[PDB]
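Q: Got a structure for you, written out below as structure tokens; questions coming shortly.
Methodologically, a virtual Cβ is constructed for each residue, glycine included, from the backbone with ideal geometry; neighbour enumeration extends over all protein chains shown. Please treat every number below as a calculation from the coordinates, not as lab data.
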Amino acid sequence: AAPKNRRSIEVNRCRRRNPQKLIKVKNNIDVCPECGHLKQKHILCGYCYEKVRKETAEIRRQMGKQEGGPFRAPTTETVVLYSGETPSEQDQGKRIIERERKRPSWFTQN
Amino acid sequence: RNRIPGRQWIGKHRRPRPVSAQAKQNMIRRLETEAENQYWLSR
Amino acid sequence: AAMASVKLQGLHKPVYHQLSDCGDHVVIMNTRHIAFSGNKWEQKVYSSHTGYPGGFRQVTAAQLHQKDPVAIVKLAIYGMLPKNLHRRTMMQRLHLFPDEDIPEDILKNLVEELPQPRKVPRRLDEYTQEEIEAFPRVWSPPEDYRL
Amino acid sequence: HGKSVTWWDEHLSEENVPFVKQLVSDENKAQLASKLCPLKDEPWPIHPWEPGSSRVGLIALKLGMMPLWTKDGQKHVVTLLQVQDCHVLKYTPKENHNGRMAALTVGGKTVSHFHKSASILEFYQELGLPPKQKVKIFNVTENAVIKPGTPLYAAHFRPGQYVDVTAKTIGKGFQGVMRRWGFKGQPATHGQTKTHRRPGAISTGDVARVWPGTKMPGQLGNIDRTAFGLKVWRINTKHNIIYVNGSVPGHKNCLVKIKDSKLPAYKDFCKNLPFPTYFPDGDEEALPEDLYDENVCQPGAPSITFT
Amino acid sequence: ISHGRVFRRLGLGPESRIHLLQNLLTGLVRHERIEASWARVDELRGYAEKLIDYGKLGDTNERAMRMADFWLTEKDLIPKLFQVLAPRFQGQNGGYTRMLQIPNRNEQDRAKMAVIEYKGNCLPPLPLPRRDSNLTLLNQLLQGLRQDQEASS
Amino acid sequence: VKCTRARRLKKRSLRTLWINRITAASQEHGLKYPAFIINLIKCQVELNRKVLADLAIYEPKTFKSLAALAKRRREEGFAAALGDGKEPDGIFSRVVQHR
Amino acid sequence: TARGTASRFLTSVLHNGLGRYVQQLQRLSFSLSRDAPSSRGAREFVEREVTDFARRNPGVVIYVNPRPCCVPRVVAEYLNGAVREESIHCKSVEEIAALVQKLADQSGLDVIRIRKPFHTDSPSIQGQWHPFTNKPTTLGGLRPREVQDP
RNA sequence: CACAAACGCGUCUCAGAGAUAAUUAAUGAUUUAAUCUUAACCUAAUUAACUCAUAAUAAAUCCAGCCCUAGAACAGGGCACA
RNA sequence: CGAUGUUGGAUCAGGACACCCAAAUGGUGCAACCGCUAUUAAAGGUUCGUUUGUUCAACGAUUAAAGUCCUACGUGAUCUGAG
RNA sequence: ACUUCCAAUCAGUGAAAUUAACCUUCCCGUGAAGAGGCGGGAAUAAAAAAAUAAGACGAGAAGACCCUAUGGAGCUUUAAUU
RNA sequence: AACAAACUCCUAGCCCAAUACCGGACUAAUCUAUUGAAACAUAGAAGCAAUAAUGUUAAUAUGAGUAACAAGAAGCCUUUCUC
Ligand SMILES: [K+]
Ligand SMILES: [K+]
Ligand SMILES: [K+]
Ligand SMILES: [K+]
Ligand SMILES: [K+]
Ligand SMILES: [Mg+2]
Ligand SMILES: [Mg+2]
Ligand SMILES: [Mg+2]
Ligand SMILES: [Mg+2]
Ligand SMILES: [Mg+2]
Ligand SMILES: [Mg+2]
Ligand SMILES: [Mg+2]
Ligand SMILES: [Mg+2]
Ligand SMILES: [Mg+2]
Ligand SMILES: [Mg+2]
Ligand SMILES: [Mg+2]
Ligand SMILES: [Mg+2]
Ligand SMILES: [Mg+2]
Ligand SMILES: [Mg+2]
Ligand SMILES: [Mg+2]
Ligand SMILES: [Mg+2]
Ligand SMILES: [Mg+2]
Ligand SMILES: [Mg+2]
Ligand SMILES: [Mg+2]
Ligand SMILES: [Mg+2]
Ligand SMILES: [Mg+2]
Ligand SMILES: [Mg+2]
Ligand SMILES: [Mg+2]
Ligand SMILES: [Mg+2]
Ligand SMILES: [Mg+2]
Ligand SMILES: [Mg+2]
Ligand SMILES: [Mg+2]
Ligand SMILES: [Mg+2]
Ligand SMILES: [Mg+2]
Ligand SMILES: [Mg+2]
Ligand SMILES: [Mg+2]
Ligand SMILES: [Mg+2]
Ligand SMILES: [Mg+2]
Ligand SMILES: [Mg+2]
Ligand SMILES: [Mg+2]
Ligand SMILES: [Mg+2]
Ligand SMILES: [Mg+2]
Ligand SMILES: [Mg+2]
Ligand SMILES: [Mg+2]
Ligand SMILES: [Mg+2]
Ligand SMILES: [Mg+2]
Ligand SMILES: [Mg+2]
Ligand SMILES: [Mg+2]
Ligand SMILES: [Mg+2]
Ligand SMILES: [Mg+2]
Ligand SMILES: [Mg+2]
Ligand SMILES: [Mg+2]
Ligand SMILES: [Mg+2]
Ligand SMILES: [Mg+2]
Ligand SMILES: [Mg+2]
Ligand SMILES: [Mg+2]
Ligand SMILES: [Mg+2]
Ligand SMILES: [Mg+2]
Ligand SMILES: [Zn+2]
């Protein structure tokens, strides 16, 4: 089928600006208590998670150098230790990951 | 529902439009005037 | 409807003009007792279509008045007003009541009552004995006839 | 002021979330158990049964289906309808609802306070009952009025009575014309091109329009329907379960409006029934665990012998 | 009409649905924390919960070994499941994994992301949504009710 | 084009409007428009419909006198017809010719 | 058309002509040329009629400014502040006299559509019609179906 | 029928009052008989439509998120004890 | 004629009454049964197959009945192309 | 009944036939003989998204049928000239 | 009776409709001959005027943000898996 007549701009403006087609505002925006940036209530903070993801990549990068083979995986638990720390009695019997940087504040030792 | 075939004023079948009481009076008024017209021309 | 149509439009005000919103309310009571002239109670029919196929309904004047008491008067006025968009506006000012049961709010707004357009004839039992004796006896029936 | 959206659990601490749930839960049990004396809390006067009177229905929950056999060997299917929480909410006078019969309001099963409107919660606070899920309006004559807040049980219906069922049917979404109305389809293999389930011609050439009553694809299923002439076979007392013959509209675990049948044959069949409703307190006697119709083969009955 | 259907159509069909979750589950076991599309992560949660249940059965049970053989496509993870993941989870019954909604991926598709991980993993903790402290004004008012209620009852 | 045709109709429409106002103000006194005009001309009062409409709105008292004049003239016309036709012309029906 | 242009009511500036008549024209300024052939009509008007025109109308001030120009113009200003530009380019002597005389008789108001050909203040002599000006009064002012208090 | 559902070949339910056309009968006048009456009053037997009784619908203004036998989107029902 | 696409079927049917069935009734060369004929009524219904491209028609089986006709002899921006 | 490609929502890029102006209803009647626009009446807060194809004598090709043109061409011969 | 025209009176005038063909009076914008010198006058000359040719070129819309198009997954980021 083909159109019969050209749509007037008066009709087009009504259709192109209808309240349904407009962008709805968001009322669930909140400031992250830890870093002060913006996040939604039901979504993890983008800045805080990116902080964790960068650290997680470094830890995993260290593990890869400790297992050269592509099919080498530990048969025991894993513990991550930073500079200025030594393994505890409960942490013995597990593989040790060493990082030169100081232990981050958000990461909590058990 | 009921249509007048073809055009409504020409042909074998036309509109049944009747003569009104006003139309009869108009004819009489002209007739009375013309009756006087042919008297002044008589002599 | 003829006198009611004039009042609704405002055709009785010498300041009348279609653009102006001049208009007067009309209250019609005792609409169940209207008297159709001739045999129009059984001959005149009011027809409407609901839109759906097979939805053409024709109702006799007697049947319509038996169901909706004020439908006969309302339709008569609704067809006599001018066919512009003001007809809907000026119909809202028309108040119809089947009998003499009018709320006190409407009663306090009235000003004057319009005269009845048709003189109601009186029945035989409504004639006073003075009128009966005044009218002459046209003929003298024989004494031996049995009525 | 662009105030942010909030919910009940937003600002509650971990040490108070269990406390709030306990607080509301204890209130519901106290309120429900305080209404269990309809005849001891100054009820409205009760009038004797009269011809042409109508009783009050219930709001029940549809559990499922069971097979049932009669003493003549025939097999019937019954639907288990359970009355969980039924209470009359408000009473409307005769001249303010219809002008012919009064209206009695009946609520549904108990729901959480935290997901209802402010007006709805405020309305129930004055009455002193937990919020209900579904609310329906019943047409009741003036001689069968019930004081609001009076509980109702499945014993309101005695076996042998015919009842109606009104509920929203199963919604099947936007279904084509073949499923919705049942139009036959075009053939499948004899050369047909891109036409197997389409309605086909929808009007005539002359009218140059589509009639308002024309059948077209659209929504199917999610509408209110009523079933008439359903017989009551068995009534369970302690669980408040009603058995109705046949299939009732609505999916499982839905709320069903139950009332006395309005069919002409089943008129005035309430003289031998509780009026205006079954009051357990007034009788001062224990009803049987299950009420059976006279034609029902009970599970603890000897096997059928056609001797 | 999809009434009662608890599964989702993913990939190229019912067979590709399992394989897509097979690769995700393998990545989840080896790394203990992966991120993917929210719809795919939601499906993966169901299998990860029950995979630990098969791990608790033991290294000697034949069905558990065969079930773990198919899902763990990398053969160096089977000893890990029966000797690390299974021994770690002995207390809880169903609290094996967490799912949180990561913000939308910074790409064209703008998909809805999610993060799935196992309890007690050897990684920095995620920024979990912490509830309000009991010292808040609303909590203090409610704690007054509890103290008064416990004093009388 | 519509401007010129409406200009021709402007005179007709205003003339129609005036007659409605004259009829409205005449019915208020119980006299129809046809009786109000012919019985006023018989009094040799040459007032066009434009000024009669203005007298109807802004001169309620004067318009009553003209309505009173028309009704009195009309009642005299019927009296002559009811009689033998030899009655002298009424006190208001006498024709005055200027010459 | 009427819907396109503005409109005004028939108004006389400063209630002119009620107590006394004041010629609303204030001044004129002629901008003609001494060499352009198109200014011949203006030059003939100045030599002959300008001197006589000033005597008849002592309330107007006439300015003549012969300067090099191609289109002769005459500018008329009125008391109310309206300035009307006119062109006398290539016109006869008698045409200039008619044009100037026409400018002397105008009140100065804008020349647009006049809604009504009349204007009046307080036209409601002996009263104006209201729906109660012809309805008889009922004893006690009772409504049509009103019950008496006693 | 390799989904917790859908589906038929399977199961369930399906109604009272008014009102009429042709026609039939009573009482009875113009025409003191008779005669169903575009004669009056009252009244009777009587097609289908149609109209209605009746039944369905019913609470203005929690709604971010998750679930759903609700759903194209948008809406709708649940999220206290589960 | 700077295009109103053309037979039959498939799908969906809207309408008229000069009614095939279903309801009421008058007449009969109407005892009953089966019929013939006339008045009133259009809400619903009006089958499945062999041959032919067929509408039509013939034939087999059945039904309360397998009505007449209009709708661009409805309906190809829904299908079919045997003619 | 169930799957995949389409489909509908979100993000990116983004075309075509078509279009006198349109603030673009229904019915009967009229009419260059089939009306959204005329006449007599009816209906009528404004917009968005998703569907079905009766009408806009829908879009597409200056009708292939038919006739006309002292307009062409191919083929055949007992047409005319050669 | 009344209401009712391009008719006819009334007040002023510049004082009576139209398709093909024919007649007349004026005139927008260019160049040249003399004037003119905040843009004109009398003349002589012409590529002397576009709401309409499925017109030409260029630019814009409408149809429409519609039809339709693409990158297997995870991670330690380029290594292991699914086909
Ligand atoms: K004809
Ligand atoms: K007779
Ligand atoms: K043609
Ligand atoms: K039929
Ligand atoms: K269409
Ligand atoms: Mg015709
Ligand atoms: Mg004729
Ligand atoms: Mg559904
Ligand atoms: Mg089929
Ligand atoms: Mg094809
Ligand atoms: Mg196919
Ligand atoms: Mg039509
Ligand atoms: Mg829908
Ligand atoms: Mg689902
Ligand atoms: Mg896909
Ligand atoms: Mg899920
Ligand atoms: Mg007799
Ligand atoms: Mg009803
Ligand atoms: Mg909700
Ligand atoms: Mg065309
Ligand atoms: Mg057909
Ligand atoms: Mg049909
Ligand atoms: Mg018939
Ligand atoms: Mg029959
Ligand atoms: Mg056809
Ligand atoms: Mg066809
Ligand atoms: Mg096609
Ligand atoms: Mg078609
Ligand atoms: Mg063929
Ligand atoms: Mg898009
Ligand atoms: Mg519109
Ligand atoms: Mg027509
Ligand atoms: Mg019209
Ligand atoms: Mg009209
Ligand atoms: Mg779309
Ligand atoms: Mg669409
Ligand atoms: Mg058109
Ligand atoms: Mg067509
Ligand atoms: Mg076309
Ligand atoms: Mg052609
Ligand atoms: Mg040919
Ligand atoms: Mg020729
Ligand atoms: Mg030739
Ligand atoms: Mg040639
Ligand atoms: Mg050749
Ligand atoms: Mg030869
Ligand atoms: Mg006239
Ligand atoms: Mg001429
Ligand atoms: Mg011609
Ligand atoms: Mg020149
Ligand atoms: Mg040219
Ligand atoms: Mg141009
Ligand atoms: Mg074209
Ligand atoms: Mg062009
Ligand atoms: Mg350009
Ligand atoms: Mg665009
Ligand atoms: Mg579109
Ligand atoms: Mg697409
Ligand atoms: Zn943060």
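Q: Can you give the calculated 222 nm mean residue ellipticity of chain D, where each DSSP H run of n ≥ 4 adds -39,500 (n - 2.57) and the sum is split over every residue, rounded to the nearest 500 deg cm²/dmol? Intermediate values should be presented prior to the final figure.
A: On the way: 5 runs with 40 residues, N = 307.
Theoretical 222 nm ellipticity from helices: -3500 deg cm²/dmol.
Q: Order these peptides, D:131-143, A:9-21, A:25-37, D:107-119, by their mean beta-carbon neighbour count within 10 angstrom, highest first. Write out the running numbers ahead of the final one.
A: Values: D:131-143: 17.8, A:9-21: 8.6, A:25-37: 11.3, D:107-119: 14.4.
Descending packing order for the listed peptides: D:131-143, D:107-119, A:25-37, A:9-21.
Q: Sticking with this structure for a sec: Using amide H atoms built in the peptide plane, which far-off residues or other-chain residues are under 5 Å from A:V79 H to H?
A: Under 5 Å from the amide H of A:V79 lie the amide H atoms of A:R95, A:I97, each far enough along the sequence or on another chain.
Q: Using a ≥ b ≥ c from the Cα gyration tensor of the protein assembly as shown (square roots of the eigenvalues), is it rounded, prolate or oblate, where a/c under 1.5 gives rounded and otherwise the larger of a/b and b/c decides, a/b for prolate? Don't skip to the end; give the middle numbers.
A: Values: a/c = 2.67, a/b = 1.52, b/c = 1.76.
Because a/c hits 1.5 or more and a/b fails to exceed b/c, the protein assembly as shown counts as oblate.
Q: For helix A:46-66, what angle does its Cα long axis make with the longest principal axis of chain A, in degrees from 0 to 90 and rounded to 10?
A: 40 degrees
Q: In addition: Apply the Karplus parameterisation 6.51 cos²θ - 1.76 cosθ + 1.60, with θ equal to phi minus 60°, to every residue of the stretch E:15-27 and state each ³J(HN,Hα) to the nearest whole Hz, in sequence, with x for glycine and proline.
A: For the stretch E:15-27, the Karplus curve yields 6, 5, 5, 5, 5, 4, 6, 5, 5, 5, 5, 4, x Hz.
Q: Search the structure for amide H atoms under 5 Å from the amide H of D:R234, placed 1.01 Å from N in the peptide plane, and list their residues when 5 or more places away or on another chain.
A: Residues meeting the amide H criterion: D:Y243.
Q: Under 5 Å between amide H atoms, partner at least 5 residues away or on a different chain: which partners does G:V61 have, H built in plane at 1.01 Å?
A: G:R27, G:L28
Q: For a footprinting-style exposure proxy, rank D:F183, F:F36, C:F97 by other Cβ within 10 Å, fewest first.
A: Details: D:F183 14, F:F36 22, C:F97 17.
Listed from fewest to most nearby Cβ atoms, that is D:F183, C:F97, F:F36.
Q: Sticking with this structure for a sec: Please order D:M101, D:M66 by the number of other Cβ within 10 Å, starting at the fewest. Walk me through the intermediate numbers first.
A: Numbers: D:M101 16, D:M66 13.
Ascending number of Cβ neighbours within 10 Å: D:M66, D:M101.
Q: Applying 1/(1 + (r/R0)^6) with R0 = 22 Å to the Cβ-Cβ distance of B:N37 and F:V95, what FRET efficiency is obtained, to the nearest 0.05? Each step should come with its number before you reach the end.
A: Values: r = 29 Å, r/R0 = 1.32.
Calculated transfer efficiency: 0.15.
Q: First select every other residue whose beta carbon is under 11 angstrom from the beta carbon of G:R113; then total the charges, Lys and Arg +1, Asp and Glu -1. Write down the numbers at each step before the final one.
A: Working: positive: G:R3, G:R8, G:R115, G:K116; negative: G:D110.
Surrounding charge for G:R113 is +3.
Q: Rounded to the nearest 10 degrees, what's the angle between the helix G:93-105 long axis and the longest principal axis of chain G, both from Cα atoms, 0 to 90?
A: For helix G:93-105, the angle is close to 30 degrees.
Q: Can you give the mean number of other chain Cβ atoms that lie within 10 Å of the Cβ atoms in peptide G:124-131?
A: On the way: counts 4, 4, 5, 4, 5, 13, 3, 8.
For peptide G:124-131, the averaged partner shielding equals 6.
Q: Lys and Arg at +1, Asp and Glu at -1: add these up for the other residues within a Cβ distance under 13 Å of D:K259 and post the number.
A: Numbers: positive: D:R55, D:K136, D:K257, D:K262; negative: D:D164, D:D260.
Every neighbour counted, the sum reads +2.
Q: With the cut-off at 1.5 for a/c, could you classify the stretch D:235-307 from its C-alpha gyration tensor as rounded, prolate or oblate? Mind dumping the intermediate values first?
A: Numbers: a/c = 1.40, a/b = 1.16, b/c = 1.20.
Rounded is the answer for the stretch D:235-307, as its axis ratio a/c remains below 1.5.
Q: Choose one answer from D:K75, D:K215, D:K252: the residue with the largest mean-square fluctuation in a GNM of chain D with alpha-carbon springs under 10 Å.
A: Judging by the Gaussian network model, the answer is D:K215.
Q: Along the charge dipole of the stretch A:37-110, Cβ charges K/R +1 and D/E -1, which of A:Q90, A:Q109, A:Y47 sits furthest on the positive end?
A: Among A:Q90, A:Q109, A:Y47, the one farthest towards the positive end of the dipole of the stretch A:37-110 is A:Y47.
Q: Treating the angle as unsigned and between 0 and 90°, give the value, to the nearest 10°, between the Cα long axis of helix E:38-57 and the longest Cα principal axis of chain E.
A: 80 degrees
Q: Distance between Cα centroids, the stretch F:18-52 to the stretch D:1-34: provide it in whole Å.
A: One Cα centre to the other: 83 Å.
Q: Of A:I9, A:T78, A:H37, whose Cα points farthest to the positive end of the dipole of chain A (charges on the beta-carbon: +1 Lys, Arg; -1 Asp, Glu; origin at the Cα centre)?
A: Comparing the listed Cα positions along the dipole, A:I9 ranks first.
Q: I've got another one for you. Could you work out, residue by residue across E:117-127, how many beta carbons of other chains sit within 10 Å of that residue's beta carbon, and then give the average as an integer? Before the final figure, lay out each step's value.
A: Details: counts 0, 0, 0, 2, 2, 10, 8, 13, 4, 6, 13.
Rounded to a whole number, the mean comes out at 5.
Q: Then there's this: Which of the listed residues, E:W38, D:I146, F:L31, is farthest toward the dipole's positive end in the protein assembly as shown, when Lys, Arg count +1 and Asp, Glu count -1 at the beta-carbon?
A: Value computed over the given set: F:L31.
Q: Quick one: putting +1 on the C-beta of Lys and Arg, -1 on the C-beta of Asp and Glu, what dipole do you get for the stretch C:81-147 around its Cα centre, in Debye to the nearest 20? Can you show the working numbers first?
A: Values: 11 positive and 14 negative charges, 171 e Å.
Magnitude of the dipole: close to 820 debye.
Q: To the nearest 0.05, how large is the calculated FRET efficiency for F:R12 and G:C70 if R₀ is 35 Å and r is the Cβ-Cβ distance?
A: On the way: r = 50 Å, r/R0 = 1.42.
Once the sixth-power term is evaluated, E becomes 0.10.
Q: Just how large is the dipole of chain E about the Cα centre, in debye to the nearest 20, putting +1 at every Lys and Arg Cβ and -1 at every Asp and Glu Cβ?
A: Rounded to the nearest 20 debye, it is 240 debye.
Q: Please identify the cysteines of chain A that lack any partner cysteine with a Cβ under 4.7 Å from their own Cβ.
A: When partners are defined as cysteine Cβ atoms under 4.7 Å apart, chain A leaves A:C14, A:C35 without one.
Q: Please compute, for peptide C:104-115, the average count of beta-carbon atoms on other protein chains lying within 10 Å of each residue's beta-carbon. Walk me through the numbers on the way to the answer.
A: On the way: counts 0, 0, 0, 5, 2, 1, 4, 6, 5, 3, 1, 0.
The mean count of partner-chain Cβ atoms within 10 Å per residue comes to 2.
Q: Take peptides G:28-37, B:22-31, C:137-146 and line them up by average Cβ neighbours within 10 Å, highest first, as a rough protection proxy. Can you show the working numbers first?
A: Working: G:28-37: 15.8, B:22-31: 9.5, C:137-146: 5.4.
Top of the packing list down: G:28-37, B:22-31, C:137-146.
Q: What are the ³J(HN,Hα) couplings of the stretch D:198-206, residue after residue, when phi is run through the Karplus curve with 6.51, -1.76, 1.60 and θ = phi - 60°? Round to Hz, x for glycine and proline.
A: 6, x, x, 4, 10, 7, 10, x, 5
Q: Short version: ³J(HN,Hα) in whole Hz for each residue of the stretch D:91-104, in order, from phi by Karplus 6.51 cos²θ - 1.76 cosθ + 1.60 (θ = phi - 60°), x for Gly and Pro, what are they?
A: Each residue of the stretch D:91-104 in turn: 10, 10, x, 4, 7, 9, 10, 9, x, 10, 9, 6, 10, 10 Hz.
Q: Explain nothing, just the number: dipole magnitude of the stretch D:58-137 about its Cα centre with +1 on each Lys and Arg Cβ and -1 on each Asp and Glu Cβ, in debye rounded to the nearest 20. Don't skip to the answer; put the middle values down first.
A: Values: 11 positive and 5 negative charges, 53 e Å.
The calculation lands at about 260 debye.
Q: Using r as the Cβ-Cβ distance of E:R146 and A:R53, and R0 as 35 Å, what FRET efficiency do you calculate, to the nearest 0.05?
A: Once the sixth-power term is evaluated, E becomes 0.30.
Q: Find out how many positive minus negative residues lie around D:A227, taking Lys and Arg as positive, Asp and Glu as negative, among other residues whose Cβ is under 15 Å from that of D:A227.
A: Details: positive: D:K62, D:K168, D:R225, D:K231, D:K257, D:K259, D:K262; negative: D:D164, D:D224, D:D260.
Value of the local net charge: +4.
Q: Right, next: Please compute one quarter of the surface area of the Cα convex hull for chain G and express it in square nanometres.
A: Working: hull surface 65.9 nm².
Taking a quarter of the hull surface, the average projection is 16.5 nm².
Q: What is the Cα convex hull volume of the stretch E:10-121 when expressed per residue in Å³? All intermediate terms of the calculation are to be shown ahead of the outcome.
A: Details: hull volume 11.9 nm³, N = 112.
Once divided by residue count, the hull of the stretch E:10-121 is 106 Å³.
Q: Take the alpha carbon gyration tensor of chain D, find the square roots of its eigenvalues, order them as a ≥ b ≥ c, and report rounded if a/c is under 1.5; if not, report prolate when a/b exceeds b/c, else oblate. Don't skip to the end; give the middle numbers.
A: Details: a/c = 1.75, a/b = 1.23, b/c = 1.42.
Cα axes put chain D in the oblate bin.
Q: What do you get when you divide the Cα radius of gyration of chain F by 2.2 N^0.38 Å, with N the number of residues? Intermediate results must be reported in sequence, preceding the final value.
A: On the way: Rg = 16.8 Å, N = 99, 2.2 N^0.38 = 12.6 Å.
Against the empirical 2.2 N^0.38 Å value, I get 1.34 for chain F.
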